[PDB]
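Trainee: Got a structure here, written out as structure tokens. Questions coming.
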RNA sequence: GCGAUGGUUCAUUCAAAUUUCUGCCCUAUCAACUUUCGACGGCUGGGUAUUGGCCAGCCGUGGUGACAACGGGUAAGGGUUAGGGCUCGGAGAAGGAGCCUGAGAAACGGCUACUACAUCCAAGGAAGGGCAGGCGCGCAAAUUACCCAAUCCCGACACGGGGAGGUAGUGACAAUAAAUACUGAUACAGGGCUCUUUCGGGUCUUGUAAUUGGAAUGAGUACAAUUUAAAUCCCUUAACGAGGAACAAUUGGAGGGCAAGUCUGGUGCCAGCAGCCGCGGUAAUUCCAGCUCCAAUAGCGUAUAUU
């Protein structure tokens, strides 16, 4: 995207919130809308229990995903100014 | 510049009101748009229990909030809860 | 408490005796330069009040301590020829 | 190329969610809480701040204290008492927070409780750590060690690189004037409050003046009866309803509005009086403490 | 208020006196041909430590320069000024060395009593009187009538009168006080006129090095006759 | 690579080092010395640059005790190594002089200020001890192995 | 996560890693480890196997 | 008699002003240029501190240029020589216009008028024109620190005054050194490890949440003295300061084990995804009791661009 390394976005809708199996990639993927350009791209939350911190209409930083749905390119790094792995590790509370 | 376009649409709505109820005092400014924010105001509350007036201390302040139409109904709230990190 | 004076200079126009002092406390803590002013009265046959000590950096590893000592001919010569901060540190 | 990369990173840093402002043209006074554990000197900072601003030595300042600090904006200081009901009542209310830490003693559970109550309820714009009781120290190496460790723990708590002021002594029973002058340099120039969803949808009010308007024949008949209460304050959220507004008086319960009188300000703040000079002449430094002395 | 490196290379300062250096006050000798009294007392001789100590020496009548009491601290004393300190009972004299720097010379009253000064110009002053201007800006009224330009004079320094003079001569040993061959005590053996500006002399040392220096930069010191004691 | 990992692990084990940063530090200064020796071998024999600069380098290494006093050629200066540098460290010198039982005991002693090199106590275990100063490694006077007070656990037990 | 007392100190971990990798080396090759003891030759103390050729065939 | 203050002239110093020859980078899609504020002289005066077309009257015919004038482009070094280093280097004080002081200014320090902002007032009047700091989204990151104590400067003058200078504070952006343990004895178990070739081969001392014993402390706490303008740091330094349940090492990656639990598939008992969730129980539980391995280790990972 763009010319930058990380993009910001709005979480439009957590697609695959009603998927059955817990660590499905359709369960982990989230449709976000990038601020700078306006397009809706899909991004992976790194973990299914870590999906619960991503709420609707939250400013979300996302980066590339460099390594079950092959081709979803982005991963959610920060949510509302706090790092998502820190939220998952219970280091910080999310400012809303 | 989708962010500034969205913020400009919000400011356009925030100009459309205060442009639309700037037309009459007794009808719009009093009855349509209520009692606008920032203005000092005196409230008369009827039916307060007398234990409040007997145990009124000036330290612990008074916060008046406005309930919505939905905030007076009762029912089963389904919530997403988690214990705190430092609660034993 | 062992004392040696190197580089003793007369300076009569400033009227004050200039000594590079190498003092040694082995095994003791530091030297307490007011007590060193008391010590530099009988070593050079003077009053304690007309001596001012400054410099006084302790060498590495204890023992040696290099100070600079000035003995004036009179306390009033000290008063008219000493800096304000050294006069305050001495106590006059 | 690297200039373009840094420009793109900052252009992505500037972005947020497009929320609604809901701030009027003549805005209400921004609410400054003075929160801390018991015995830390919140009332002392209140006395010192109101003497800095309006030059009035209050011997016992209670309630909200409204203060003109600029020609456009004004403040109001409320000291939270040491009860959790008041802390949870005012954490959803506060516009800027003055969060007090007790120096040599370190952090306290009331400070951490208010920090995470505020973060869970709604994070305001400006929270300033104020570290006091620094004069109860003997070694000024232990002093800077305590300042460093308290700064780093507060930075872990709220965000990295916050403002932590150090208020050293208590000279005239009040505070040092230079320390509270730079504290007021930081809390005087101001930016618009953060668009919180709860404050931008629901209309609230923090009562400046209380009065019991009840007939003494009713009080003589029934000593414990339903009374009528005049509560005077600034309307702060969205606008109240013109008739029949349902009210939650926090700590008492739900009632309905019997009357609203909309009347002019006691702190006029000269933009509203003139409706491009910098300084504030002493005509303008008003004090409206209708419960304090 | 010049820096320590912008101070000239012939009154020395070490890495010690701060980044700044005192400027000489206006007076008899020049700016770039100068030793101030503070550099002479506390930076060369080290009879003092600080500026305030140098002031406490100078303000009381303890330092006399060319036989008169000089009070101000940055008084210029460039060349051959006898500096009498009475509490130490010494008289210093300023000469140069072979490398091109200032040199101090301790001496007593017998050689301290006179000054060897080079004549700058002879003229007829007001009153129809001939007068004589040296390099110390000393003007002597009614001189000896052969003392022309570039001749040196033994000034009395207790009355200031003329006592003797040394003529500009091819065969009289001289001292260089300027130029790229600065400070080289040797004998004037040749002199070339170059009328139209900037004439020269050719001069050799005691041990056969010929070089050409300008007649402004020369300074006569004596034929053999070392009338001031150059340090042995 | 496994060769680099096994080599650095052999160094860190054989001389009681803390991490691989100390190994890379020694390898960097060894590569600097060896690069200077190769640049001096580039020139022909009996060039004055090679003569005086190689004599300076060889006298420096013999004086700091790395290079042996027997072999003094620039080819042996090229044949130098990191085992020789870590042998010239102080901590292995305490272990080899036998003031300590193991190399980790030696690092512990040098950290908590028991040995001294010459006159002053030495707080750092990577102190490059020279050949002239190798003999004067002993327990300090303020240490309970040297004298003075019987020490800490001794005081708590003898009370 | 919960980590080890060995992992909280980077020297002690590299001491125990070297002691166990010097131990794994004795199970592959043969270390010298002193010649005959003070007691003399008590036999080849752990077996002699006859049909085993352990020479690098050039 | 010795000085201080003052005075004419000549010096001298500190300056300032002009002034002589040489040296700018490129270009002819720049060959004519100057006389278009006189262009080159010489005479006479004016003004200047003085010379001078610098300016005014009179006349003469010039001056530069293909050896590169003129125009255009804007991208505005010298000295000290092993080296690097070190040293030196136009216009405005809201806008034009005019004036005042002094040795030195066309100070911008003041005045006057006009123009343009803007403040107090009792509505008659009256004073005034800089930088630094924060925000510059609603989301952020180096002190509003202390002193002239050294070096230096200005004055009736040893004392009075200095926004150069020095002192301190922050800092995982880097960079430097290296803590978080060292060492024994005894008891008990018989397996530990490896691989090409694997229901096979290779090698011989390894363990344990076992029981005990020794010492060694620097982080921190800290009396002092010292350092310093006053403090801090440093160096000295008396006294405390280690048994894990702590003085509490991290960041990543790979893998095993688990239920009277849950979900899904289907020619019974199988398989898969997985599993903080189980009958009870939260002052209840003591459990894989702290699971195993690999990498870096006070550092480490991810994304994108990539090379």
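Trainee: Would you confirm, using the coordinates I've provided, whether residue F:94 is more than 9 Å from RNA strand H (Cβ to nearest atom) and within 14 Å of chain C (Cβ to nearest Cβ)?
Mentor: Details: more than 9 Å from RNA strand H (Cβ to nearest atom): yes; within 14 Å of chain C (Cβ to nearest Cβ): no.
No.
Trainee: Please enumerate the residues belonging to the stretch E:46-83 that are surrounded by fewer than 22 Cβ atoms within 10 Å (Cβ to Cβ), away from RNA strand H (no atom under 12 Å from the Cβ) and in a strand (DSSP E or B).
Mentor: Answer for the stretch E:46-83, where residues must be surrounded by fewer than 22 Cβ atoms within 10 Å (Cβ to Cβ), away from RNA strand H (no atom under 12 Å from the Cβ) and in a strand (DSSP E or B): just E:65.
Trainee: Across the stretch F:110-159, what is the total count of residues that are in contact with a strand residue (DSSP E or B) (Cβ under 6 Å, 6 or more places away or on another chain), near RNA strand H (Cβ under 7 Å from one of its atoms) and closer than 22 Å to residue C:60 by Cα?
Mentor: 2
Trainee: Let me ask something else. Can you confirm whether the stretch A:56-69 contains a residue that is away from chain D (no Cβ under 12 Å) and under 9 Å from the mean Cα position of the chain (by Cα)? Give the derivation first.
Mentor: So the first thing to find is which residues in the stretch A:56-69 are away from chain D (no Cβ under 12 Å), and the list is A:64-69.
Keeping just the survivors that are under 9 Å from the mean Cα position of the chain (by Cα) gives none.
No.
Trainee: Suppose we keep only residues that are more than 21 Å from residue D:25 (Cβ to Cβ), surrounded by 13 or more Cβ atoms within 10 Å (Cβ to Cβ) and more than 8 Å from every other protein chain (Cβ to nearest Cβ) within the stretch D:267-291. Which one would you say is nearest to RNA strand H (Cβ to nearest atom)?
Mentor: That would be D:285.
Trainee: Further, regarding this structure: Right, residue G:35: within 20 Å of the chain's Cα centre (by Cα), loosely packed, with under 10 Cβ neighbours inside 10 Å, more than 11 Å from RNA strand H (Cβ to nearest atom) and more than 14 Å from chain F (Cβ to nearest Cβ) or not? Before you say what the answer is, go through the steps one by one.
Mentor: On the way: within 20 Å of the chain's Cα centre (by Cα): yes; loosely packed, with under 10 Cβ neighbours inside 10 Å: yes; more than 11 Å from RNA strand H (Cβ to nearest atom): yes; more than 14 Å from chain F (Cβ to nearest Cβ): yes.
So residue G:35 passes the test.
Trainee: Among the residues of the stretch B:28-40, is there at least one that is more than 10 Å from chain D (Cβ to nearest Cβ) and surrounded by 11 or more Cβ atoms within 10 Å (Cβ to Cβ)?
Mentor: yes
Trainee: Does residue C:85 qualify as being near RNA strand H (Cβ under 9 Å from one of its atoms), closer than 17 Å to residue E:50 by Cβ and exposed (fewer than 14 other Cβ atoms within 10 Å of the Cβ)?
Mentor: Judged against the criteria, residue C:85 is a match.
Trainee: If a residue has to be in a loop (DSSP other than H, G, I, E, B), more than 9 Å from every other protein chain (Cβ to nearest Cβ) and in contact with a helix residue (DSSP H, G or I) (Cβ under 7 Å, 6 or more places away or on another chain) to count, how many in the stretch A:22-40 make the cut?
Mentor: 0
Trainee: Go through the residues of the stretch C:41-59 one by one and say whether even a single one is within 14 Å of chain F (Cβ to nearest Cβ), within 8 Å of RNA strand H (Cβ to nearest atom) and part of a strand (DSSP E or B).
Mentor: Scanning the stretch C:41-59, I find at least one residue that is within 14 Å of chain F (Cβ to nearest Cβ), within 8 Å of RNA strand H (Cβ to nearest atom) and part of a strand (DSSP E or B), so the answer is yes.
Trainee: Then there is this: State whether the residues of the stretch C:18-32 include one that is part of a helix (DSSP H, G or I) and either more than 14 Å from RNA strand H (Cβ to nearest atom) or under 16 Å from residue C:63 (Cα atoms) (or both). Write out each step before concluding.
Mentor: To start, the set of residues in the stretch C:18-32 that are part of a helix (DSSP H, G or I) comprises none.
No, because not a single residue in the stretch C:18-32 is part of a helix (DSSP H, G or I) and either more than 14 Å from RNA strand H (Cβ to nearest atom) or under 16 Å from residue C:63 (Cα atoms) (or both).
Trainee: Identify, from the list B:71, B:4, the residue that is more than 7 Å from chain D (Cβ to nearest Cβ), under 26 Å from residue D:210 (Cα atoms) and not in a strand (DSSP E or B).
Mentor: B:71
Trainee: Looking at C:91, C:67, can you tell me which residue is away from chain F (no Cβ under 14 Å), near RNA strand H (Cβ under 9 Å from one of its atoms) and in contact with a helix residue (DSSP H, G or I) (Cβ under 9 Å, 6 or more places away or on another chain)?
Mentor: C:67
Trainee: Checking the condition outside any helix (DSSP H, G or I), within 14 Å of chain B (Cβ to nearest Cβ) and exposed (fewer than 12 other Cβ atoms within 10 Å of the Cβ), which residue from D:192, D:172 passes?
Mentor: D:192
Trainee: May I pose another question? Is it the case that residue A:8 is within 14 Å of chain D (Cβ to nearest Cβ), buried (at least 17 other Cβ atoms within 10 Å of the Cβ) and farther than 25 Å from residue D:157 by Cα? So that I can check it myself, show each step before the final result.
Mentor: Values: within 14 Å of chain D (Cβ to nearest Cβ): yes; buried (at least 17 other Cβ atoms within 10 Å of the Cβ): yes; farther than 25 Å from residue D:157 by Cα: no.
It is false that residue A:8 is within 14 Å of chain D (Cβ to nearest Cβ), buried (at least 17 other Cβ atoms within 10 Å of the Cβ) and farther than 25 Å from residue D:157 by Cα.
Trainee: Take the residues in the stretch F:122-141 that are over 24 Å from residue F:26 (Cβ atoms) and surrounded by 15 or more Cβ atoms within 10 Å (Cβ to Cβ), then tell me which one is nearest to the chain's Cα centre (by Cα). Write out each step before concluding.
Mentor: So in the stretch F:122-141, the residues over 24 Å from residue F:26 (Cβ atoms) come out as F:138-141.
Next, from what is left, pick out any that are surrounded by 15 or more Cβ atoms within 10 Å (Cβ to Cβ): F:138-140.
Numbers: F:138: 16, F:139: 18, F:140: 20 Å.
Of everything passing the filter in the stretch F:122-141, F:138 is nearest to the chain's Cα centre (by Cα).
Trainee: Sticking with this structure for a sec: Which residue is farthest from the other protein chains (Cβ to nearest Cβ), if the candidates are limited to the stretch E:1-45 and must be near RNA strand H (Cβ under 6 Å from one of its atoms) and outside any loop (DSSP other than H, G, I, E, B)?
Mentor: E:3
Residues checked against (1) within 26 Å of residue A:82 (Cα to Cα); (2) surrounded by fewer than 18 Cβ atoms within 10 Å (Cβ to Cβ); (3) within 14 Å of chain A (Cβ to nearest Cβ):
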residue: D:26; (1), (2), (3): no, yes, no
residue: D:35; (1), (2), (3): yes, no, no
residue: D:42; (1), (2), (3): no, no, no
residue: D:47; (1), (2), (3): no, no, no
residue: D:54; (1), (2), (3): no, no, no
residue: D:60; (1), (2), (3): no, yes, no
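Trainee: Quick one: in the stretch D:155-169, of everything that is away from RNA strand H (no atom under 11 Å from the Cβ) and away from chain A (no Cβ under 14 Å), which residue is surrounded by the fewest Cβ atoms within 10 Å (Cβ to Cβ)?
Mentor: D:169
Trainee: Tell me, please, whether a residue that is within 14 Å of chain F (Cβ to nearest Cβ) and either more than 30 Å from residue F:107 (Cα to Cα) or over 19 Å from the mean Cα position of the chain (by Cα) (or both) can be found in the stretch G:44-58.
Mentor: Of the stretch G:44-58, the ones within 14 Å of chain F (Cβ to nearest Cβ) are none.
Scanning the stretch G:44-58 turns up no residue that is within 14 Å of chain F (Cβ to nearest Cβ) and either more than 30 Å from residue F:107 (Cα to Cα) or over 19 Å from the mean Cα position of the chain (by Cα) (or both).
Trainee: In the set G:49, G:54, G:21, G:14, which member is in contact with a helix residue (DSSP H, G or I) (Cβ under 6 Å, 6 or more places away or on another chain) and near RNA strand H (Cβ under 9 Å from one of its atoms)?
Mentor: Among G:49, G:54, G:21, G:14, only G:14 is in contact with a helix residue (DSSP H, G or I) (Cβ under 6 Å, 6 or more places away or on another chain) and near RNA strand H (Cβ under 9 Å from one of its atoms).
Trainee: Hey, among the residues in the stretch D:234-266 that are in a strand (DSSP E or B) and more than 7 Å from chain B (Cβ to nearest Cβ), which one's nearest to residue B:41 (Cα to Cα)?
Mentor: Once the filter is applied, the top-ranked residue is D:256.
Trainee: Out of the stretch A:41-55, which residues are assigned to a loop (DSSP other than H, G, I, E, B) and within 13 Å of RNA strand H (Cβ to nearest atom)?
Mentor: First pass over the stretch A:41-55, keeping only residues assigned to a loop (DSSP other than H, G, I, E, B): A:45-49, A:54-55.
Matches in the stretch A:41-55: A:45, A:46, A:47, A:48, A:49, A:55.
Trainee: When residues of the stretch D:122-150 are filtered for being under 30 Å from residue D:86 (Cα atoms), surrounded by 17 or more Cβ atoms within 10 Å (Cβ to Cβ) and either near RNA strand H (Cβ under 10 Å from one of its atoms) or within 14 Å of chain A (Cβ to nearest Cβ) (or both), how many remain?
Mentor: Selection size over the stretch D:122-150: 6.
Neighbour counts run over all protein chains shown; Cβ positions are idealised from the backbone, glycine included. Read-outs throughout are calculated quantities, based only on the coordinates presented, and are distinct from any laboratory measurement.
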